[PDB]
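Coming up is one lone chain in structure tokens, specifically the form deposited without the ligand.
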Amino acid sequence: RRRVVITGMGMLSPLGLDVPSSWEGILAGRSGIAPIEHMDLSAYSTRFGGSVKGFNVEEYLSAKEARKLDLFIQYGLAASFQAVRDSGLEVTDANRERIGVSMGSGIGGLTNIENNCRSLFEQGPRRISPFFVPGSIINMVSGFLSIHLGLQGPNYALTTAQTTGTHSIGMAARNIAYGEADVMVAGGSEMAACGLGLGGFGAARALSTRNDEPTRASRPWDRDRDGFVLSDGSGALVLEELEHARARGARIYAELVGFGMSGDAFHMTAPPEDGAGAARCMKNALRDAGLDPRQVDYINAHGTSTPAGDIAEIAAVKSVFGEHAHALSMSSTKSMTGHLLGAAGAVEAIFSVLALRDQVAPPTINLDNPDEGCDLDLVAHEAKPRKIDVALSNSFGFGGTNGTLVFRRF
């Protein structure tokens, strides 16, 4: 197996239109959550979320290119272009067969499907856009980026609900480690903030309804938590074989040493109370890295602010790490960004890499009164400078799909 390093990162989040602006917000304990302005939610039980604010697609694409593509694809390309620029990588005829893309999404092109449905219901099929299918399907971030940059390596998309970004990054690393590629652009994007999204998650009673204090809604492990906050955005990493990186004098952020997957095999939406599945997933990731659990310094938790999910993740960490559970720091950056669904594992991979770069655990904000058994170092309220040699990032999704990435200082 070849070693895999991170040489580039890109992001759209509710905290910023790039990685440094997003990370500035994370370290300041800043909320990206606000009343949603782009549609009328007067009649809805949840009227707030994490929007990407001031996104300027024409920095990336022509107006012609942009009008073809659902926002989730625009957000995915934005993060991908940032990551590739950030990497310094030059695509040539000599290497274009060795550079691939795995950018995914949990739900994909809801907004495009809504707009085309309006036309379909009032006028019939002859008013559907000719670009509807290619502009709405999840693999078109990978598609468009490969066409724009001339990437001829492995070209695919993961769709594992709220685990998508973690799985995308993990399986791209495997492509590089086993020699299918030298470089991969990997991560996820999501724009589910439309009637179907807020209505669909609303119908399932999954969302916080703290409309009077949106910035306090997302409160992972707090006793007053009442469901997750819906957010939009994208994260992309350039993953690179280490000798390829060293050969072109690339700036290396960190090393990707481990990837874990598991299924709960439990319930469509609910996690098992003891986090059995998450525990198997983290152990698979540590074994993959060849690490002792005692080597883990920081966990970026799934930590969605759901009653069942938050406690299951505490249980899984205590199971995997035993007494070391009291030495490591664990935080949920979802306290600040909310839940970017399929993009969550991408942006949280990036926050884990920067926790290594800056030797700082991001805070869990709004953790005013930790719930029964939530007695680990959850980095309540304020960022905590500490030694971090190994960082873990967990995602768990609908269908009991689990993913863990292990990152280490290089």
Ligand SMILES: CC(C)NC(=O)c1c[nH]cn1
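Counting begins at 1, following the sequence as shown.
One more form of this protein exists, namely the form deposited with the ligand bound; it is left out here, but the text below deals with it.
Colleague: Does residue 299 reach the ligand in the deposited complex, with heavy atoms at most 4.5 Å apart?
Modeller: Residue 299 lies outside the contact set for the ligand.
Colleague: Flag residue 128 as yes or no: does it have a non-hydrogen atom within 4.5 angstroms of any non-hydrogen atom of the ligand in the deposited complex?
Modeller: Judged by the heavy-atom cut-off of 4.5 Å, residue 128 is well away from the ligand in the deposited complex.
Colleague: Answer yes if any heavy atom of residue 278 is within 4.5 Å of a heavy atom of the ligand in the deposited complex; otherwise answer no.
Modeller: Yes, contact at 4.5 Å.
Colleague: With a cut-off of 4.5 Å between heavy atoms, is residue 397 one of the residues that contacts the ligand in the deposited complex?
Modeller: Answer yes; at least one heavy atom of residue 397 falls within 4.5 Å of the ligand in the deposited complex.
Colleague: Among 305-313, 239-247, 115-123, 319-327, which stretch has residues whose heavy atoms lie within 4.5 Å of the ligand in the deposited complex?
Modeller: Heavy atoms within 4.5 Å of the ligand in the deposited complex occur in 305-313.
Colleague: Identify, from the list 211, 95, 269, 284, the residue with a heavy atom within 4.5 Å of the ligand in the deposited complex.
Modeller: None of the other options qualify; the answer is 269.
Colleague: With the ligand left out of view, choose which of 222, 182, 255, 264 has a non-hydrogen atom within 4.5 angstroms of it in the deposited complex.
Modeller: Answer to the contact question: 264.
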